[PDB]
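Below is one structure, written out as structure tokens, with a few remarks after it.
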Amino acid sequence: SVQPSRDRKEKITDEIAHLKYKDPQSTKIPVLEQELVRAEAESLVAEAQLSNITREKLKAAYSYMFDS
Amino acid sequence: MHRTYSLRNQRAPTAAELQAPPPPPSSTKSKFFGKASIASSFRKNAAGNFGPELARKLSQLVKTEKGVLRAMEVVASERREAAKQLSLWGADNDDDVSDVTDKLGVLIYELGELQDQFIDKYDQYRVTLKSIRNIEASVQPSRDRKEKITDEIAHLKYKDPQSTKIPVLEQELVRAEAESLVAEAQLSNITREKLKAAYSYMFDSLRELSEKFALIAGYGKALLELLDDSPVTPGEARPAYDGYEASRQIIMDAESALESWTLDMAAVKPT
Amino acid sequence: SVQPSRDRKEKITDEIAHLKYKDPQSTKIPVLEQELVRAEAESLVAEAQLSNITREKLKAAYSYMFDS
Numbered sequence: 138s139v140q141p142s143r144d145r146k147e148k149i150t151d152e153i154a155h156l157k158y159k160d161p162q163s164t165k166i167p168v169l170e171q172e173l174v175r176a177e178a179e180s181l182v183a184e185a186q187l188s189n190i191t192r193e194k195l196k197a198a199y200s201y202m203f204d205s
Numbered sequence: 001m002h003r004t005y006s007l008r009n010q011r012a013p014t015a016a017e018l019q020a021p022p023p024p025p026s027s028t029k030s031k032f033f034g035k036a037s038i039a040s041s042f043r044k045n046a047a048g049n050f051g052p053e054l055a056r057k058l059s060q061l062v063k064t065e066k067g068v069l070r071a072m073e074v075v076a077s078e079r080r081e082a083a084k085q086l087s088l089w090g091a092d093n094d095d096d097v098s099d100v101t102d103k104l105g106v107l108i109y110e111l112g113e114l115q116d117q118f119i120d121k122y123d124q125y126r127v128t129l130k131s132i133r134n135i136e137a138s139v140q141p142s143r144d145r146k147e148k149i150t151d152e153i154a155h156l157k158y159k160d161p162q163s164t165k166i167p168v169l170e171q172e173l174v175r176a177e178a179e180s181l182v183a184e185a186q187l188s189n190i191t192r193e194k195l196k197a198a199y200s201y202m203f204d205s206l207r208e209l210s211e212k213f214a215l216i217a218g219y220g221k222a223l224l225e226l227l228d229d230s231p232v233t234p235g236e237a238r239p240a241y242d243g244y245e246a247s248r249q250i251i252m253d254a255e256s257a258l259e260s261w262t263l264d265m266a267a268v269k270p271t
Numbered sequence: 138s139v140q141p142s143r144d145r146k147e148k149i150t151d152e153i154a155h156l157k158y159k160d161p162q163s164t165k166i167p168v169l170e171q172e173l174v175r176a177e178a179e180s181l182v183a184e185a186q187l188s189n190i191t192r193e194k195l196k197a198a199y200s201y202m203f204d205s
């Protein structure tokens, strides 16, 4: 479920880079810059919990597995 | 607006209307649609047909101002022809009328040119209105994602609390909560700053057009002073016109006040 | 004769922008950056004399033409 956000983020930076290369006066770049920040906070919050849940779940699962 | 304390639609007359009674309604009340032909009217419904729900009103709003621009383009261009035709008629008239009329055509020509600059600045205000439309329309899909998320978690919880998708859907709700929160705050920020800047610029353009309109109107009143209204009896010749340089100097003062207009000075002083 | 240098310069900045957009690790960008400076001094020296020669030649030509 985390993966599609990474897809969205790289698509966002790809579009803003391509549009900026074409012309800096494009009207879509003002909203694409905020869209990058949009996805930045978006991805950041669950990237942190992804590490949290992976660590806690792997520790619990393998402690239970080694208990078995 | 100003309305009277009556069920009647008519309002209390203004002090200006007290000195001069209002004229009868214009005879151009066409018995037709009367709203920029049909294509604009059909276009108006099209904005709210296949657009994002959040930006449906703004999608109408920015494009509605295009209807202002298109209609004002006709007004500026077609009134421009009136100055063309007015000064043309000055030929088949006496010299005094000819000089006054073609000079009036110059002043009306300036009226049209200043209008065109107003439409240009109006387009800029429309453009930034399109920009706030764009970001608000970009905000809408996140609202779609959020309500879909809470709908799914509510339905899954209703079906069974043991579903494995609910542990990740709860975090997905928090996911979208922070997601939506950050740009909801900046959406209010950008809407406030952009609307304030756009309408300050728009009212600056309105003030610019208004004071220029008034300056040319008053100097046209001074121009009209060189127009004899004496009722000359038939059979007697007319003295030759002599206010050629006086009307020429009037334009120079008009141009001098025209080229010396800065926003620091303002004759209009609101209380 | 000045025009081809302008062609070379815009081609240079176009290539470095495109290569930088593709990847910053490209080996051609280290030499393309210097190529931009290369063409910068290249174009600068005769842009200045282009203004000089245009001014002097136009003044002399039209003074002679008005003398005629």
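Protein chains in written order, with the entry's author numbering: chain J, 138 to 205; chain A, 1 to 271; chain C, 138 to 205.
No residue lacks a Cβ here, since even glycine has one placed at the ideal position from N, Cα and C.
Task: Closer than 9 angstroms at the beta carbon, the chain A residues around residue 138/J - done: 168, 171, 172, 175, listed in chain order.
- [ ] Using a Cβ cut-off of 8 angstroms, pull out every chain J residue sitting near residue 189/A, in sequence order please.
- [x] Neighbours of residue 189/A across chain J, judged by C-beta separation under 8 angstroms, do not exist; the nearest C-beta is about 10 angstroms away.
Task: CA-to-CA distance, residue 151/A to residue 309/A, given in whole angstroms - done: Any answer about residue 309/A is impossible in this case: the structure gives chain A only from 1 up to 271.
Task: Residues in the segment 123 to 149 of chain A having any Cβ partner in chain J nearer than 7 angstroms - done: So the close ones are 131, 134, 135, 138.
Task: is_contact[residue 186/A, chain J] using C-beta, thresh 9 angstroms - done: Yes, because at least one Cβ of chain J sits closer than 9 angstroms to the Cβ of residue 186/A.
Task: Nearest-angstrom Cα separation, counted from residue 89/A out to residue 184/C - done: When rounded, the distance between both Cα atoms is 54 angstroms.
TODO: Determine, using beta carbons only, whether residue 149/J and residue 178/J come nearer to each other than 9 angstroms.
DONE: Result no, Cβ atoms of residue 149/J and residue 178/J do not sit closer than 9 angstroms.
Open item on the list: Here's the rule: buried if 16 or more other CB atoms are within 10 angstroms of the residue's CB, otherwise exposed. What is residue 201/J?
Closed with: Classified as exposed, residue 201/J has fewer than 16 neighbouring CB atoms from the shown chains inside 10 Å of its CB.
- [ ] Report yes if the C-beta distance between residue 267/A and residue 214/A is below 9 angstroms; otherwise report no.
- [x] Taking C-beta atoms as the reference points, residue 267/A and residue 214/A count as a pair closer than 9 angstroms.
Open item on the list: Below 8 angstroms on the Cβ atoms is my contact criterion, and I expect residue 133/A with residue 87/A to pass it. Report the Cβ-Cβ distance as a whole number of Å.
Closed with: Contact doesn't hold; Cβ gap of about 43 angstroms is too wide.
Task: residue 199/A, DSSP secondary structure in three states - done: DSSP places residue 199/A in helix when its eight states are reduced to three.
Open item on the list: Counting C-beta neighbours from all protein chains within 10 Å, is the total for residue 119/A 16 or more, i.e. buried, or is it exposed?
Closed with: Result: buried.
Task: Start-end ranges of the beta strand (DSSP E) lying completely within the segment 145 to 178 of chain A, minimum 3 residues - done: Correct list: empty.
Open item on the list: Using only CA atoms, which one of 123/A, 92/A, 137/A, 80/A lies nearest to residue 113/A?
Closed with: Answer by Cα proximity: 80/A.
TODO: Determine whether the Cβ of residue 198/J lies closer than 9 angstroms to any Cβ atom of chain A.
DONE: Taking Cβ atoms only, chain A never reaches closer than 9 angstroms to residue 198/J, which makes this a no.
TODO: With a 10 Å radius around its C-beta and 16 neighbouring C-beta atoms as the bar for buried, classify residue 62/A as buried or exposed.
DONE: With 16 or more other Cβ atoms within 10 Å, it is buried.
Task: Simplified DSSP state of residue 141/C, which is helix, strand or coil - done: It is helical.
Open item on the list: In whole angstroms, give me the CA-to-CA distance for residue 105/A and residue 223/A.
Closed with: Whole-angstrom Cα-Cα distance: 12 angstroms.
- [ ] Could you tell me whether any non-hydrogen atom of the ligand MG is closer than 8 angstroms to the CB of residue 160/C?
- [x] In terms of ligand content, the structure shown is empty, and the ligand MG therefore cannot be addressed.
Task: Buried/exposed call for residue 192/C, threshold 16 Cβ in 10 Å - done: When all chains shown are included, residue 192/C counts as exposed.
- [ ] Please classify residue 54/A: is it buried, with 16 or more other beta-carbons within 10 angstroms of its beta-carbon, or exposed?
- [x] Buried, because 16 or more other Cβ atoms sit within 10 Å of the Cβ of residue 54/A.
Open item on the list: Could you give the first and the last residue of the continuous alpha helix (DSSP H) run that contains residue 62/A?
Closed with: Element bounds for residue 62/A: 56 to 89.
Task: Alpha-carbon to alpha-carbon, residue 160/C and residue 206/A - done: A straight-line Cα-Cα distance of about 49 angstroms links residue 206/A and residue 160/C.
- [ ] Could you tell me whether the segment 30 to 41 of chain A touches the segment 10 to 22 of chain A, where touching means 3 or more Cβ pairs closer than 8 angstroms?
- [x] No, the segment 30 to 41 of chain A does not touch the segment 10 to 22 of chain A.
TODO: Using a Cβ cut-off of 9 angstroms (strictly closer), state whether residue 165/J contacts chain A.
DONE: Contact with chain A is found for residue 165/J, since one of that chain's Cβ atoms lies less than 9 angstroms from the residue's Cβ.
TODO: Taking only the alpha-carbon atoms, compute the straight-line gap between residue 195/J and residue 204/J and give it to the nearest angstrom.
DONE: Going by the C-alpha atoms only, they are around 14 angstroms apart.
Task: Distance CB(residue 143/C)-CB(residue 188/C) smaller than 9 angstroms - done: The answer is no: Cβ separation not under 9 angstroms.
TODO: Compare the C-alpha of residue 164/A against each of 153/A, 229/A, 52/A and name the closest.
DONE: Among 153/A, 229/A, 52/A, the Cα nearest to that of residue 164/A belongs to 153/A.
Task: Environment of residue 170/A [buried if 16+ CB atoms lie within 10 Å] - done: With fewer than 16 other Cβ atoms within 10 Å, it is exposed.
TODO: Name, please, each residue of chain J whose Cβ falls closer than 7 angstroms to the Cβ of residue 178/A.
DONE: Against chain J, the beta carbon of residue 178/A has neighbours under 7 angstroms at 178, 182, listed in chain order.
Open item on the list: Would residue 164/C pass as an interface residue toward chain D - the criterion being a Cβ-Cβ separation below 9 angstroms?
Closed with: Of the chains in the structure shown, none is chain D; the protein chains are J, A and C.
TODO: Measure the Cβ-Cβ separation of residue 243/A and residue 96/A and say whether it is below 9 angstroms.
DONE: Yes; because the gap between Cβ atoms is below 9 angstroms, this pair is in contact.
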